[PDB]
Each structure stands twice: as structure tokens, then as C-alpha cells.
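What follows is a single structure, written as C-alpha cells, with notes after it.
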Amino acid sequence: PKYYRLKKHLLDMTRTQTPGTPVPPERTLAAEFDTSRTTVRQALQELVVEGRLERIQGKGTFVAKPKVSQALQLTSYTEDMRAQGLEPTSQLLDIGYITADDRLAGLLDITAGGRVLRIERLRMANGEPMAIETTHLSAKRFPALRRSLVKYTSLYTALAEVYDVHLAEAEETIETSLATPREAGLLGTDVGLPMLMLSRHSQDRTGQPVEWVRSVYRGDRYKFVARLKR
Amino acid sequence: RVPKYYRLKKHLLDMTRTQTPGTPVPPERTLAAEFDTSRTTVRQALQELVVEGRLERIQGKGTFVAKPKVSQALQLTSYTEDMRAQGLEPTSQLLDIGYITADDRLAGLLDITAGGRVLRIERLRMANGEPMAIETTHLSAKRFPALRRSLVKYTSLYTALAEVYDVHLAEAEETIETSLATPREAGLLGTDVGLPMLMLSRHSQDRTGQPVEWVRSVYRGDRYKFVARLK
């Protein structure tokens with residue numbers, strides 16, 4: 001009751017206020033509406049996750065820009081950021097070989113203990129981290145892939161030119177996830193901010209598995225768009 | 001500390017990979033005592049696992065190892081067949097219906113004059129009796145004046161649209177994002193209030209390129225996920 005109108009005014013204070021506007025202090029809001037101070041957290045955290053507010057860990061919480069959009073599709077992260085007026089940067093967090101547990105093997109259609117190239121990228125937009133993306137490929141199926149990536153910006157450019165392998169279909173899973181400590185750290189958010197967790201099974205033009213990708217997108221700043229028929 | 005979070009989460013994880021669904025998790029206070037870790041940490045690890053779909057919270061009962069999340073293909077077509085595949089049977093329950101006054105965005109979506117009346121429908125979707133989602137459809141009252149009376153005579157909003165009007169969903173744009181369960185939502189779904197949801201916004205067009213519906217929906221993030229086929 002006291003909660004709804006609170007949310008309603010706050011929701012209406014976005015819409016119109018431009019990003020950067022500081023949100024009134026949580027303890028001020030509790031009195032300005034004679035509501036409990038936890039009822040204020042709730043309303044605010046909803047509006048952070050719903051993307052109208054944004055928490056800056058040193059500074060505070062402010063009216064936010066709309067969430068960044070990306071199409072549910074095998075497509076360019078760079079082209080989509082740019083189309084929205086955002087400079088896209090990436091950062092190679094790690095790249096190394098590992099050995100699959102039995103299921104990563106099931107995914108990659110390789111033997112337990114099989115060697116796997118792993119790649120972790122931090123995706124940025126205007127220099128603000130948005131996602132962490134971890135890609136797994138069968139090292140044996142792609143003998144010297146890492147060494148070849150030196151001379152390439154796009155992993156999928158590398159696979160097409162060098163291995164004559166093109167992504168042709170993917171099964172993709174979208175679900176919720178809380179930001180783990182390691183995740184929150186790389187992304188500069190709270191533990192555990194709600195996340196969009198994407199899992200991608202990709203197969204090429206002759207139908208064999210190419211990669212398995214595990215990705216978490218900031219739930220406060222990100223959304224995905226799908227376009228459907230009939 | 002940090003190690004304690006890892007060890008507690010490693011442990012419960014292994015429990016989920018080696019015990020059958022339904023296997024009961026000790027209550028939070030037991031875990032804190034057995035792991036000599038703050039209740040904060042225990043709640044966090046528990047919460048990560050529930051949202052990931054590994055553990056399931058049941059309000060009056062407790063936490064258990066879970067069956068996997070319910071999956072639904074992103075597609076205009078049948079919610080029902082896919083549900084029946086995974087071993088669930090879908091049922092719905094009309095929660096509310098009536099007319100409301102459109103805001104400017106709603107008017108923009110539905111292509112009407114702000115203040116124009118909007119038929120609003122609200123259903124609760126369950127799987128094996130268990131609440132999964134709240135689905136809220138918005139249609140232009142001016143465009144479909146006869147629609148609301150029609151509904152009682154049809155199993156589906158869309159056959160109604162196809163029957164009374166010659167109106168068919170041709171295309172749609174769907175947005176997926178994160179949301180926290182509001183108190184009304186948590187109430188109707190039988191979940192906690194802070195629960196991460198998958199919020200689905202749908203904007204549908206008929207064959208002639210005209211807006212038909214705007215649908216806002218929430219799926220409980222602990223029991224639910226979406227699958228898309230990309231090509």
C-alpha cells in the first residue's frame with residue numbers, strides 16, 4: 001500500500017528526469033512518504049534491476065539511461081553497441097588450455113579430460129563493463145587455435161578463414177543468475193546483482209559442435225531482443 | 001571468509017549433483033553452525049543456487065535439491081506441447097480482466113490516443129499445479145470493442161481474435177530482461193519478494209502491420225528459463 005505509491009512516484013521521477021540526476025537519499029525517502037526504510041530499499045532495488053536507476057558504488061544511485069539492447073542472434077556486439085551510440089571495447093581476461101570435466105566434454109563432444117581452449121572476455125561499453133563471456137572450444141578439433149588468434153580480432157573470422165568453419169546454428173539459453181563475488185568484482189557491481197546468464201551451444205554448416213559459451217550480462221544495464229514469426 | 005563462501009557453495013553444489021531432487025537441505029542455521037560461517041554467507045550461497053535452479057525453496061517446507069528449470073522455446077507458437085514434452089501439463093487461471101486508461105507509452109505501443117481504453121487481461125500460468133508466471137495482455141478497446149465479451153467463449157485470446165475479427169498474430173518483438181518479484185507477484189507465484197524474474201515484453205503485429213497486443217510477463221527465475229534457436 002505505502003509501497004505502491006512510493007514505487008509509482010519514483011517510477012514517475014524517471015521517465016522525465018535525465019540520467020545523472022541523483023536519487024534522493026534512501027532515509028530521506030522513508031520520511032517523505034512515511035513508509036518503512038526497508039520498503040524504500042525494495043522499491044529502489046526493483047528500479048535498479050528494472051533499469052531505471054543505477055548504483056555507482058563510489059558515488060550513489062541515479063536516474064539511469066535505458067538498458068543497452070542486443071539481438072538474440074549470432075551477430076556483432078560491436079555493430080549493436082555502435083548503433084546505440086556506444087563505444088564498444090573488449091578486454092581479454094584470460095586465454096588458456098584446460099581439461100574438460102565430463103559434461104563440458106558432452107557439450108564439446110569430446111572425451112573426459114580432453115583439452116579445451118578457453119577464452120574469457122570482459123565486454124565494455126563507454127568503458128563500463130557489461131558482460132563476462134567465456135568460450136570453450138575443442139583444442140583437438142582446432143589444433144593451434146590460440147596461436148592463430150594472435151592474427152585475428154574476431155574468433156569467428158579466425159575459424160572461417162583458418163579452419164573453414166562457419167557458425168550455422170546455435171541453441172541458446174537465457175536465465176537468471178546472481179552475480180558471484182568474482183563476477184561482481186570484474187564488473188564493478190554488487191554481489192549478487194541479478195544477471196542475464198546466456199548459454200550457447202553452436203554448430204557449423206556441416207552440423208558438428210563448434211563451441212560452448214557461458215556469459216553473464218549485467219541485469220541492471222542489459223536486455224535482449226528477439227524477433228518472431230507467425 | 002571468501003574461502004568459506006566457496007567451500008559452502010562447493011558443498012551444496014555437490015549435493016545437487018549427487019542427490020535426487022527432493023533431497024532436503026539443512027536449514028540455514030544448521031549450515032552456519034556446521035560451516036562456522038556467517039548467516040549472511042550461507043544465505044548468499046543458498047540464494048545463488050536457488051536462482052541458478054539447483055536448489056528449490058518451498059515456503060512452508062524448506063530448501064531441496066531441485067529438478068531442472070522449466071524450459072520454453074522463444075516462439076509465437078504452442079506453450080502447451082513443449083510443456084507436455086518436458087513432463088508438465090500447463091494450466092492457466094484468469095486472475096483479472098477489465099478496462100484501463102492508456103498512458104502515453106501504452107498508447108504509442110498500441111497505436112491509440114493516450115487516454116484511450118485498453119482491454120487488460122491477467123493470467124497465472126502453472127505447470128503441474130505449480131505457479132510459474134504472470135501474464136498481462138493489453139489490447140486496444142477501440143480496435144477490438146467486441147473482444148472482451150467474446151473471450152469467455154474461447155480457449156485462447158488468439159482464436160477469439162481470429163474468430164471475431166479476422167486478426168492473426170503475424171510477427172512480434174520480444175524483450176527479455178531481469179526484474180525483482182513485486183509483493184503482488186511474489187504473492188501470486190508463491191515466492192519470496194526479492195526474487196529475480198525473467199521479464200518478457202511482447203509487442204505483436206497482425207498480417208497487415210498493425211499493433212495487436214502489448215504483453216508484459218514475469219517468469220520466476222528459479223524454476224524457469226528460455227531457449228532460442230538461432231540460425
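Lettering and numbering for the C-alpha cells are positional, with chains as A, B, ... in the shown order, residues counted from 1 in each chain, and ligands counted from 1 in the shown order.
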
Find the nearest atom pair between each residue of chain A and chain B for residues within 7 Å, count only C-alpha atoms, give distances in Å to one decimal, sort rows by chain and ascending number, and present the table as CSV.
```
residue,atom,partner,partner_atom,distance
A:46,CA,B:180,CA,5.5
A:49,CA,B:179,CA,5.5
A:50,CA,B:179,CA,5.4
A:73,CA,B:230,CA,5.9
A:74,CA,B:230,CA,6.8
A:168,CA,B:231,CA,5.8
A:169,CA,B:231,CA,4.4
A:170,CA,B:230,CA,5.0
A:171,CA,B:229,CA,4.9
A:172,CA,B:228,CA,5.0
A:173,CA,B:227,CA,4.5
A:174,CA,B:226,CA,5.1
A:175,CA,B:225,CA,4.8
A:176,CA,B:221,CA,5.3
A:177,CA,B:52,CA,5.6
A:178,CA,B:48,CA,5.7
A:194,CA,B:196,CA,6.3
A:195,CA,B:178,CA,6.9
A:196,CA,B:178,CA,6.8
A:219,CA,B:178,CA,5.4
A:223,CA,B:177,CA,4.9
A:224,CA,B:176,CA,5.2
A:225,CA,B:175,CA,4.6
A:226,CA,B:174,CA,5.0
A:227,CA,B:173,CA,4.6
A:228,CA,B:172,CA,5.1
A:229,CA,B:171,CA,4.6
A:230,CA,B:170,CA,4.4
```

(message) Excluding residue 95 (chain A) and its own-chain neighbours fewer than 2 positions away, which residues fall within 9 Å of it when counting only C-alpha atoms? Please give them as an NGL selection string.
(response) :A and (92-93 or 97 or 117-121 or 146)

(request) Write out as an NGL selection string all residues of region 114-169 of chain B that DSSP puts in strand (DSSP E or B) for this structure's backbone. (result) :B and (117-127 or 130-140 or 169)

(request) Go through B:30, B:63, B:38, B:140 one by one, measure the shortest atom-to-atom distance of each to residue 211 (chain B) using only C-alpha atoms, and give the residue with the smallest value. (result) B:140

(message) When DSSP is applied to the backbone of this structure, which of region 69-149 of chain B are assigned helix (DSSP H, G or I)? Write them out as a VMD selection string.
(response) chain B and resid 79 to 85 104 to 110 147 to 149

What does the file look like for those residues with N, CA and C atoms, as a PDB file, in the first residue's frame?
```pdb
ATOM      1  N   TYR B  79       2.957 -22.954 -26.302  1.00  0.00           N
ATOM      2  CA  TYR B  79       3.409 -23.166 -24.931  1.00  0.00           C
ATOM      3  C   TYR B  79       3.118 -24.613 -24.482  1.00  0.00           C
ATOM      4  N   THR B  80       1.990 -25.165 -24.934  1.00  0.00           N
ATOM      5  CA  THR B  80       1.440 -26.435 -24.420  1.00  0.00           C
ATOM      6  C   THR B  80       2.204 -27.710 -24.780  1.00  0.00           C
ATOM      7  N   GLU B  81       2.598 -27.823 -26.037  1.00  0.00           N
ATOM      8  CA  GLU B  81       3.231 -29.046 -26.499  1.00  0.00           C
ATOM      9  C   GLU B  81       4.605 -29.223 -25.867  1.00  0.00           C
ATOM     10  N   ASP B  82       5.349 -28.121 -25.783  1.00  0.00           N
ATOM     11  CA  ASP B  82       6.677 -28.135 -25.184  1.00  0.00           C
ATOM     12  C   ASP B  82       6.612 -28.449 -23.691  1.00  0.00           C
ATOM     13  N   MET B  83       5.611 -27.892 -23.016  1.00  0.00           N
ATOM     14  CA  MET B  83       5.387 -28.201 -21.611  1.00  0.00           C
ATOM     15  C   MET B  83       5.069 -29.685 -21.421  1.00  0.00           C
ATOM     16  N   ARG B  84       4.235 -30.223 -22.308  1.00  0.00           N
ATOM     17  CA  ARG B  84       3.824 -31.619 -22.210  1.00  0.00           C
ATOM     18  C   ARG B  84       4.995 -32.552 -22.495  1.00  0.00           C
ATOM     19  N   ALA B  85       5.877 -32.119 -23.391  1.00  0.00           N
ATOM     20  CA  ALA B  85       7.118 -32.825 -23.672  1.00  0.00           C
ATOM     21  C   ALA B  85       7.941 -33.033 -22.401  1.00  0.00           C
ATOM     22  N   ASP B 104       0.915   7.295 -22.135  1.00  0.00           N
ATOM     23  CA  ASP B 104       1.393   7.754 -23.432  1.00  0.00           C
ATOM     24  C   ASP B 104       2.229   6.698 -24.142  1.00  0.00           C
ATOM     25  N   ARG B 105       2.960   5.893 -23.377  1.00  0.00           N
ATOM     26  CA  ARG B 105       3.777   4.852 -23.976  1.00  0.00           C
ATOM     27  C   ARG B 105       2.873   3.727 -24.443  1.00  0.00           C
ATOM     28  N   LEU B 106       1.971   3.324 -23.557  1.00  0.00           N
ATOM     29  CA  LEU B 106       0.994   2.299 -23.867  1.00  0.00           C
ATOM     30  C   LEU B 106       0.219   2.669 -25.113  1.00  0.00           C
ATOM     31  N   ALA B 107      -0.111   3.955 -25.223  1.00  0.00           N
ATOM     32  CA  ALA B 107      -0.830   4.466 -26.391  1.00  0.00           C
ATOM     33  C   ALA B 107       0.053   4.390 -27.626  1.00  0.00           C
ATOM     34  N   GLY B 108       1.329   4.705 -27.447  1.00  0.00           N
ATOM     35  CA  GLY B 108       2.291   4.586 -28.523  1.00  0.00           C
ATOM     36  C   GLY B 108       2.443   3.147 -28.993  1.00  0.00           C
ATOM     37  N   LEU B 109       2.530   2.216 -28.046  1.00  0.00           N
ATOM     38  CA  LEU B 109       2.648   0.794 -28.379  1.00  0.00           C
ATOM     39  C   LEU B 109       1.436   0.320 -29.143  1.00  0.00           C
ATOM     40  N   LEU B 110       0.276   0.489 -28.519  1.00  0.00           N
ATOM     41  CA  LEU B 110      -0.987   0.052 -29.084  1.00  0.00           C
ATOM     42  C   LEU B 110      -1.534   0.971 -30.177  1.00  0.00           C
ATOM     43  N   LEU B 147     -14.233  -7.682 -28.293  1.00  0.00           N
ATOM     44  CA  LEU B 147     -13.342  -8.753 -27.862  1.00  0.00           C
ATOM     45  C   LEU B 147     -13.618  -9.291 -26.461  1.00  0.00           C
ATOM     46  N   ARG B 148     -13.854  -8.410 -25.498  1.00  0.00           N
ATOM     47  CA  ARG B 148     -13.923  -8.849 -24.105  1.00  0.00           C
ATOM     48  C   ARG B 148     -15.075  -9.820 -23.829  1.00  0.00           C
ATOM     49  N   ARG B 149     -16.254  -9.523 -24.364  1.00  0.00           N
ATOM     50  CA  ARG B 149     -17.399 -10.418 -24.227  1.00  0.00           C
ATOM     51  C   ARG B 149     -17.115 -11.758 -24.890  1.00  0.00           C
TER      52      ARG B 149
END
```

(request) Calculate how many Å separate CA of residue 14 (chain B) from CA of residue 34 (chain B), rounding to one decimal. (result) 16.2 Å

(request) Could you give me, as a count of residues only, the residues within 10 Å of residue 98 (chain A), counting only C-alpha atoms and dropping anything in the same chain fewer than 3 positions from it? (result) 11

(message) From the options B:124, B:209, B:138, B:67, which residue's atoms come nearest to residue 103 (chain B), counting only C-alpha atoms?
(response)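 Counting only C-alpha atoms, the residue closest to residue 103 (chain B) is B:138.
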